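All remarks here apply to the structure that follows.
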Amino acid sequence: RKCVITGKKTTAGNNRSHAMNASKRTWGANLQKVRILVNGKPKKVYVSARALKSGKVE
Amino acid sequence: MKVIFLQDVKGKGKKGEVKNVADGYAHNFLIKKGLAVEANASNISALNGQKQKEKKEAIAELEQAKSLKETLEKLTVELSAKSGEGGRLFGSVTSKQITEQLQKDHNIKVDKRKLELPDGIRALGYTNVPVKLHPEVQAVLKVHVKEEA
RNA sequence: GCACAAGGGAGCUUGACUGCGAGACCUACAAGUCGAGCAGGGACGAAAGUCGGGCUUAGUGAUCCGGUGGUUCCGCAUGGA
RNA sequence: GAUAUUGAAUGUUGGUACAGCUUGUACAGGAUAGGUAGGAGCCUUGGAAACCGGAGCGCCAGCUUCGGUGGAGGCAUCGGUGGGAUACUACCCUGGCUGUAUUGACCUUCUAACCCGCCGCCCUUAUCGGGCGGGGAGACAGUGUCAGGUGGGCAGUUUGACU
RNA sequence: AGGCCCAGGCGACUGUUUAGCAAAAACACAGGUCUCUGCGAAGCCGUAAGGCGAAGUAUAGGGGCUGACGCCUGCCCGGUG
RNA sequence: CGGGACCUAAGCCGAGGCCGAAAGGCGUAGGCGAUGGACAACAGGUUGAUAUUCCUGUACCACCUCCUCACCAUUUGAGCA
RNA sequence: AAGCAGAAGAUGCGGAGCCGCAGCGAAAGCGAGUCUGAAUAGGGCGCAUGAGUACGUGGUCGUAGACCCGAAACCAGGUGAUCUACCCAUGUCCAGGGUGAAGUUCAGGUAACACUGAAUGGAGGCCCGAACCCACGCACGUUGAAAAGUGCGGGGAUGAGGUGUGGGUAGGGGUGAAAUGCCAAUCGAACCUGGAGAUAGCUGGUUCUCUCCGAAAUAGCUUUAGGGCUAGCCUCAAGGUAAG
RNA sequence: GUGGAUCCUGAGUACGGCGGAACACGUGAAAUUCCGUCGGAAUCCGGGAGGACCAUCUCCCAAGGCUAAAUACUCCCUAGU
RNA sequence: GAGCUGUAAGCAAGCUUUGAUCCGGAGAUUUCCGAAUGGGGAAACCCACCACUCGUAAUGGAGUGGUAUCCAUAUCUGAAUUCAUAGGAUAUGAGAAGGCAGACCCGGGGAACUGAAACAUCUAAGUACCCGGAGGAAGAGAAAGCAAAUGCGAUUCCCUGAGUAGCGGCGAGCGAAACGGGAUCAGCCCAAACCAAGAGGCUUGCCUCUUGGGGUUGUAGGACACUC
């Protein structure tokens, strides 16, 4: 699960409950499968909401 | 989100009303296929350009229209006798085409569709007034000279 | 242990005080206990002089953290916080 | 659940200023006594009650703002009415609504996202996926972040001493 | 190359299990019952792609309980689910 | 004769691809994979060790043509598949 | 000191830095005084009763595996389904003898149908019993022929059957007609390497000699009772010196 | 090197909310850096830091890159201790 | 420059002053597996296609060289729908892969035992271990800094600061930095402004893209007018 415009991907962090008990978890970026250009060729590929926010081509 | 309207789309607006509309309604609707362009985009400049161009053009055109409303004014007396007979009676038929004919008497031509006279003109010979009505934006000052045959 | 009141009654009063404290008891440590005497202001009584809570021994707990009041303390370049 | 992907539209709906609100009801009682910055104050033909009545305001008093038989009609504490009877700044609405930009839910739509372990063609001697077209759903779901509930399915631990 | 007979518990029966102490009254069983699931069924493995379920479709699959057959399976929904 | 240059089952691998922190998991085309399918030699002799393999007589299978004869037409095309 | 020269040396340079010569207070701050406090009162703290520093040996402590041997067990990464459990694909085995189902033909029977009797028929997780498989009883064996057998009897033996070959399921798992069964003679959580010299308030052991002195098994507190800290008791040294 | 009308000096970036991680620093007064989601600036009269935070002052110009020596380590080779 | 065909002791034998054996530098051969790469596979094997040679009357057989995938460039083609793109075809590439030194450096992922005399915050420890990536060293780097003074001027490493300031069920424990003294010493290049052109869409510069001038700066600098 990558983003083809930026290096966004899953990263690991620790879930901490009350009493601060530590449990390992994961953090996923907000990817979306969407139909866009990569070269002049169009394509369907992953992209993040943040990346889409900066007005990219569909 | 702001985008050039491009065309007229109901509430959307009319060509030229580039506005900041919500995404999707734009990128995923209006922009795709439909009229659109995003005012925020550099195209905004192209827009301004073409728009100003056309506007200035047309305005100056109407201005020169009032200009020739004056142009044809100093005109030499229109000497198109309308077959004046039995005094005021005029065998000749006076109407707007009649006026424009009295007109092309040296060369210049006009369009009979510009006359301004509600009532038909009484078939007289007097100072037949002819308020040239080329366009709403500019009428004109004139009074052709009917004559006797 | 107390009828020379420490038991009972009346009037006044808030020492059921602040700063302390020579010495001593008890003690592994932590703590616990008594303490004359000094100063500031009192209460009682004319005065002497007594009063630093119950007639003596139980009625009560560490540190950390947090709350509240006073602070002539510190407060990260300086003034504030 | 909130938010991003994620919106169009009508109707039901919080605001911001535009037109303004009236007797602005103490047992009593001329009408229904909230701002006495002139309380001793004018108006300038132009029609009054008006078969009967007002969008409106009282456990049916009427009011002033006007309506299908209305051309001069008139309170101010003082004939039988008291505290400041508030009668020609422009009051805060006594809190009322209309036409105007914004917010939530129910509605239906579609392109238009997103989805399709539905169909036709091609990539292609391919039941993978992917390009088009059609069709069905549909701003939902799925997925990302956060939040609450449930949760021996799973994990780390505790469960005292004398005797 | 069968000892047999009479009775009684338990289990209907053939079968299966603690290799290497225990072969049974334990497990299974066909039968019965309750409950879930309208099909990208539910349930399950996996993170997810993928699958099994099933190239199956409530006369089918999953789960709980009881266990041929015969007669039956009463009352209580206060509590927990 | 058994197995190869013949075939495929389960399963495995797997170009593109789908998914996944990375390694990798999955899987289409396609390939691998006998324990199966198809497939022409057998009965006597022989030494110390081998024998349907070596020798003896008879066979059969696939393919090839320096060659031989019988036939068809060398585009109203014979033959091949 | 680092560092620079210097036979991996000594020595030279290197004054950054560190400990004392002043302490009191939380601190501002003051200073042989200072803190408390209204106090020039009292009391606490080193006053006044001035040696520390650098290095070496030795005792002991602290962090390091710390004195040496020993756990059951935990976690990370891999290797195993040639045994065994289950499953998939494809082959193969089961001497012999009994019982006699369902249907079907004939005859009778009936209006027709039911039905009745023969003949045929050949079904069964059917019966008896070899191969094969299982392991119920007894004996022997028990430093055995054998790390689970042998001898004589037993049970199934056409089925939910036995069995060959090729494959799949891998341990915070897999399989399980369900015993905590099996997963390479190991299973209430396999095996191999690493963290790892895990930790062990527990058990064992700890090596040459002589001399001086020489205990305790008690109090208090302790998730404390066979452990530990302080006190008592022992020893060595420097002082007070005559307290005992 | 003088002048300083006008222009440029790194945007979904800094920074903030939410939940995490690294800073010796465990959410604490918590500065500073980075990650995932969402929100989201200014352009020299401008911006960031000086351990919350504000003001004055001091220092500095992020959101673009390259940059040797001092430093770390021996499967090796050569000569030695 | 004189014994030598090793280990090893053989005579059946032969080479050596026409310079051996031996030692060093550079070359050639280097079977078959192995990233293994023509295809397959159970390592050390089996069967191919194409080009050219050996060989047969031909079939059979042999020798040499190519034939994996992905990525880059170029060319041809460019379905559906034949604008056009995937897709397909050909050619050119000392291109990648895989190994390694059980070391070192970056990162991505990330334990428990144990200490706390139990135990969950914490510790062990961002250690062990797994994964990716290059280097001979790597990371770091020329200030949106350190610091508060008649101030210093890239990073890195050594002593010192200091077991201090701090953090911490304020427990167990963890724990710096700057000033100072040393080794070493390198500072540079861009984007932006504007100029030039060529870049066409025109909606006459709003964007091209390649160069150069234009430039790398904080008591501001550069574009822009005045200087080699």
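Ligands are numbered from 1 in the order shown, residues from 1 within each chain, and chains are lettered A, B, ... in the order they appear in the structure tokens.
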
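The list of residues with at least one atom within 8 Å of residue 12 of chain A, based on only C-alpha atoms (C1' of nucleotides) and without residues fewer than 5 positions apart in the same chain, reads residues 24, 25, 26 and 27 of chain A; 21 of chain F.
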
Selected residues written out with C-alpha atoms (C1' of nucleotides), as a PDB file, in the first residue's frame:
```pdb
ATOM      1  CA  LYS A  24       2.153  -2.353  19.144  1.00  0.00           C
ATOM      2  CA  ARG A  25      -0.147  -1.242  16.319  1.00  0.00           C
ATOM      3  CA  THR A  26      -0.026   0.252  12.817  1.00  0.00           C
ATOM      4  CA  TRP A  27      -0.980   3.540  11.154  1.00  0.00           C
TER       5      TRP A  27
ATOM      6  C1'   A F  21       6.291  -2.462   6.611  1.00  0.00           C
TER       7        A F  21
END
```

Distance table requested - chain A against chain D, cut-off 8 Å, only C-alpha atoms (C1' of nucleotides): one row per qualifying residue with the closest atom pair and its distance in Å to one decimal, ordered by chain and rising residue number, as JSON lines.
```
{"residue": "A:28", "atom": "CA", "partner": "D:144", "partner_atom": "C1'", "distance": 6.2}
{"residue": "A:29", "atom": "CA", "partner": "D:144", "partner_atom": "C1'", "distance": 5.5}
{"residue": "A:30", "atom": "CA", "partner": "D:144", "partner_atom": "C1'", "distance": 3.7}
{"residue": "A:31", "atom": "CA", "partner": "D:144", "partner_atom": "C1'", "distance": 6.7}
{"residue": "A:32", "atom": "CA", "partner": "D:5", "partner_atom": "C1'", "distance": 7.0}
{"residue": "A:49", "atom": "CA", "partner": "D:5", "partner_atom": "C1'", "distance": 6.6}
```

If you run DSSP on this backbone, which residues of chain A come out as helix (DSSP H, G or I), and could you give them as an mmCIF file with N, CA and C atoms, in the first residue's frame?
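Once written, out_23.cif looks like this:
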```
data_model
loop_
_atom_site.group_PDB
_atom_site.id
_atom_site.type_symbol
_atom_site.label_atom_id
_atom_site.label_comp_id
_atom_site.auth_asym_id
_atom_site.auth_seq_id
_atom_site.Cartn_x
_atom_site.Cartn_y
_atom_site.Cartn_z
ATOM 1 N N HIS A 18 -5.382 3.527 28.967
ATOM 2 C CA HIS A 18 -5.303 4.029 30.330
ATOM 3 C C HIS A 18 -4.370 3.112 31.104
ATOM 4 N N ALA A 19 -3.646 3.667 32.073
ATOM 5 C CA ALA A 19 -2.508 3.026 32.725
ATOM 6 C C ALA A 19 -1.316 2.870 31.786
ATOM 7 N N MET A 20 -1.366 3.484 30.604
ATOM 8 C CA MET A 20 -0.218 3.651 29.719
ATOM 9 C C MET A 20 0.329 2.305 29.231
ATOM 10 N N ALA A 49 -5.434 11.205 0.109
ATOM 11 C CA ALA A 49 -6.335 12.351 0.128
ATOM 12 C C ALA A 49 -5.554 13.655 0.190
ATOM 13 N N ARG A 50 -4.486 13.688 0.989
ATOM 14 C CA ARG A 50 -3.659 14.885 1.068
ATOM 15 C C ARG A 50 -3.069 15.228 -0.292
ATOM 16 N N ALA A 51 -2.570 14.218 -1.008
ATOM 17 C CA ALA A 51 -2.020 14.464 -2.336
ATOM 18 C C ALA A 51 -3.094 14.972 -3.285
ATOM 19 N N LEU A 52 -4.292 14.387 -3.222
ATOM 20 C CA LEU A 52 -5.384 14.850 -4.069
ATOM 21 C C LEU A 52 -5.763 16.289 -3.736
ATOM 22 N N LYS A 53 -5.565 16.703 -2.482
ATOM 23 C CA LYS A 53 -5.987 18.035 -2.059
ATOM 24 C C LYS A 53 -5.296 19.145 -2.841
#
```

Check segment 1-122 of chain B with DSSP on the backbone and list each residue it calls strand (DSSP E or B), as a list in words.
residues 2, 3, 19, 20, 79, 80, 81, 84 and 90 of chain B

Write the residues you've just listed into a file as a compact mmCIF listing (two decimals), in the first residue's frame, and include N, CA and C atoms for each of them.
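Output (part_26.txt):
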```txt
# COMPACT_ATOMS: atom_id res chain seq x y z
N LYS B 2 -12.49 27.06 -7.07
CA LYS B 2 -12.93 28.12 -7.95
C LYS B 2 -12.66 27.66 -9.36
N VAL B 3 -13.59 27.92 -10.27
CA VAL B 3 -13.44 27.46 -11.65
C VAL B 3 -14.16 28.38 -12.62
N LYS B 19 -16.41 30.65 -10.49
CA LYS B 19 -16.63 30.72 -9.05
C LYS B 19 -16.02 29.57 -8.27
N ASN B 20 -15.85 29.76 -6.97
CA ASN B 20 -15.28 28.72 -6.13
C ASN B 20 -16.36 27.76 -5.67
N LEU B 79 -33.21 64.90 -51.20
CA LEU B 79 -34.12 65.39 -52.22
C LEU B 79 -34.77 64.27 -53.02
N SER B 80 -35.65 63.52 -52.36
CA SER B 80 -36.37 62.43 -53.00
C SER B 80 -37.85 62.78 -53.04
N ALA B 81 -38.26 63.50 -54.08
CA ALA B 81 -39.65 63.88 -54.24
C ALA B 81 -40.47 62.60 -54.27
N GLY B 84 -45.24 64.38 -55.40
CA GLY B 84 -46.21 65.29 -54.82
C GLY B 84 -47.17 65.76 -55.91
N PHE B 90 -49.22 62.79 -52.21
CA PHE B 90 -47.98 62.32 -52.83
C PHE B 90 -48.20 60.98 -53.52
```

Mind pulling up the distance from atom CA of residue 119 of chain B to atom CA of residue 135 of chain B?
19.2 Å

Show which residues sit within 9 Å of residue 181 of chain I, as a PyMOL selection string. Count only C-alpha atoms (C1' of nucleotides), and ignore same-chain residues fewer than 5 positions away.
(chain G and resi 2-3+16-17) or (chain I and resi 159-160)

Selection above as a file: N, CA, C and O atoms (P, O5', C5', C4', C3', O3' and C1' of nucleotides), as a PDB file, in the first residue's frame:
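Result written to again.pdb:
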```pdb
ATOM      1  P     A G   2      45.455  11.327  29.135  1.00  0.00           P
ATOM      2  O5'   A G   2      44.659  11.979  27.921  1.00  0.00           O
ATOM      3  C5'   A G   2      43.351  11.537  27.594  1.00  0.00           C
ATOM      4  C4'   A G   2      42.648  12.508  26.683  1.00  0.00           C
ATOM      5  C3'   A G   2      43.342  12.804  25.364  1.00  0.00           C
ATOM      6  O3'   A G   2      43.112  11.812  24.381  1.00  0.00           O
ATOM      7  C1'   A G   2      42.702  14.831  26.370  1.00  0.00           C
ATOM      8  P     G G   3      44.351  11.170  23.588  1.00  0.00           P
ATOM      9  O5'   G G   3      45.060  12.420  22.905  1.00  0.00           O
ATOM     10  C5'   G G   3      44.347  13.259  22.009  1.00  0.00           C
ATOM     11  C4'   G G   3      45.066  14.564  21.782  1.00  0.00           C
ATOM     12  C3'   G G   3      46.482  14.456  21.244  1.00  0.00           C
ATOM     13  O3'   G G   3      46.521  14.270  19.842  1.00  0.00           O
ATOM     14  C1'   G G   3      46.446  15.961  23.062  1.00  0.00           C
ATOM     15  P     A G  16      44.007  28.141  31.953  1.00  0.00           P
ATOM     16  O5'   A G  16      43.027  27.127  31.222  1.00  0.00           O
ATOM     17  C5'   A G  16      42.241  26.227  31.980  1.00  0.00           C
ATOM     18  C4'   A G  16      41.300  25.445  31.107  1.00  0.00           C
ATOM     19  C3'   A G  16      40.163  24.753  31.832  1.00  0.00           C
ATOM     20  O3'   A G  16      39.101  25.629  32.158  1.00  0.00           O
ATOM     21  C1'   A G  16      41.157  23.241  30.323  1.00  0.00           C
ATOM     22  P     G G  17      38.753  25.925  33.699  1.00  0.00           P
ATOM     23  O5'   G G  17      38.433  24.485  34.289  1.00  0.00           O
ATOM     24  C5'   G G  17      37.507  23.637  33.635  1.00  0.00           C
ATOM     25  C4'   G G  17      37.759  22.188  33.956  1.00  0.00           C
ATOM     26  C3'   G G  17      37.697  21.813  35.424  1.00  0.00           C
ATOM     27  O3'   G G  17      36.369  21.672  35.896  1.00  0.00           O
ATOM     28  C1'   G G  17      39.601  20.824  34.440  1.00  0.00           C
TER      29        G G  17
ATOM     30  P     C I 159      36.699  10.803  26.039  1.00  0.00           P
ATOM     31  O5'   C I 159      37.565  11.938  26.742  1.00  0.00           O
ATOM     32  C5'   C I 159      38.680  11.614  27.560  1.00  0.00           C
ATOM     33  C4'   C I 159      39.137  12.807  28.359  1.00  0.00           C
ATOM     34  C3'   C I 159      38.097  13.411  29.292  1.00  0.00           C
ATOM     35  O3'   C I 159      38.089  12.762  30.552  1.00  0.00           O
ATOM     36  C1'   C I 159      39.144  15.125  28.014  1.00  0.00           C
ATOM     37  P     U I 160      36.882  12.972  31.588  1.00  0.00           P
ATOM     38  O5'   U I 160      36.690  14.551  31.663  1.00  0.00           O
ATOM     39  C5'   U I 160      37.351  15.330  32.650  1.00  0.00           C
ATOM     40  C4'   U I 160      36.972  16.783  32.526  1.00  0.00           C
ATOM     41  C3'   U I 160      35.511  17.100  32.800  1.00  0.00           C
ATOM     42  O3'   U I 160      35.272  17.314  34.181  1.00  0.00           O
ATOM     43  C1'   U I 160      36.192  18.127  30.770  1.00  0.00           C
TER      44        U I 160
END
```

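By chain and then residue number, the residues within 8 Å of segment 17-33 of chain D are residues 61, 62, 63, 81, 85, 93, 94, 95 and 96 of chain D, counting only C-alpha atoms (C1' of nucleotides) and disregarding those fewer than 3 positions away in sequence.
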
Applying 6 Å and only C-alpha atoms (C1' of nucleotides), which residues near segment 5-16 of chain E remain after dropping the ones on its own chain fewer than 3 positions away? List them as number ranges by chain.
E: 25, 68; G: 125, 177

Those same residues, written as a PDB file, in the first residue's frame with N, CA and C atoms (P, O5', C5', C4', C3', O3' and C1' of nucleotides)?
```pdb
ATOM      1  P     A E  25     -19.238 -50.413  26.557  1.00  0.00           P
ATOM      2  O5'   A E  25     -19.911 -49.483  27.660  1.00  0.00           O
ATOM      3  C5'   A E  25     -21.267 -49.083  27.516  1.00  0.00           C
ATOM      4  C4'   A E  25     -21.643 -47.956  28.447  1.00  0.00           C
ATOM      5  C3'   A E  25     -20.686 -46.765  28.477  1.00  0.00           C
ATOM      6  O3'   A E  25     -21.429 -45.555  28.587  1.00  0.00           O
ATOM      7  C1'   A E  25     -20.974 -47.599  30.655  1.00  0.00           C
ATOM      8  P     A E  68     -31.849 -43.299  21.079  1.00  0.00           P
ATOM      9  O5'   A E  68     -32.298 -43.811  19.640  1.00  0.00           O
ATOM     10  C5'   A E  68     -31.450 -43.653  18.514  1.00  0.00           C
ATOM     11  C4'   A E  68     -31.807 -44.607  17.402  1.00  0.00           C
ATOM     12  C3'   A E  68     -33.290 -44.821  17.148  1.00  0.00           C
ATOM     13  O3'   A E  68     -33.862 -43.803  16.349  1.00  0.00           O
ATOM     14  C1'   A E  68     -32.191 -46.911  17.215  1.00  0.00           C
TER      15        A E  68
ATOM     16  P     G G 125     -26.520 -53.343   6.111  1.00  0.00           P
ATOM     17  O5'   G G 125     -24.939 -53.171   6.151  1.00  0.00           O
ATOM     18  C5'   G G 125     -24.137 -54.018   6.957  1.00  0.00           C
ATOM     19  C4'   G G 125     -22.745 -53.466   7.108  1.00  0.00           C
ATOM     20  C3'   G G 125     -22.077 -53.711   8.450  1.00  0.00           C
ATOM     21  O3'   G G 125     -21.453 -54.982   8.503  1.00  0.00           O
ATOM     22  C1'   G G 125     -21.738 -51.454   7.724  1.00  0.00           C
ATOM     23  P     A G 177     -11.883 -37.220  13.790  1.00  0.00           P
ATOM     24  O5'   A G 177     -13.101 -38.077  14.350  1.00  0.00           O
ATOM     25  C5'   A G 177     -13.838 -37.637  15.477  1.00  0.00           C
ATOM     26  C4'   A G 177     -14.459 -38.796  16.214  1.00  0.00           C
ATOM     27  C3'   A G 177     -13.488 -39.816  16.785  1.00  0.00           C
ATOM     28  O3'   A G 177     -12.955 -39.421  18.038  1.00  0.00           O
ATOM     29  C1'   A G 177     -15.234 -40.930  15.636  1.00  0.00           C
TER      30        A G 177
END
```

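Taking atom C1' of residue 225 of chain G as the reference point, atom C1' of residue 160 of chain D is found at 12.9 Å.
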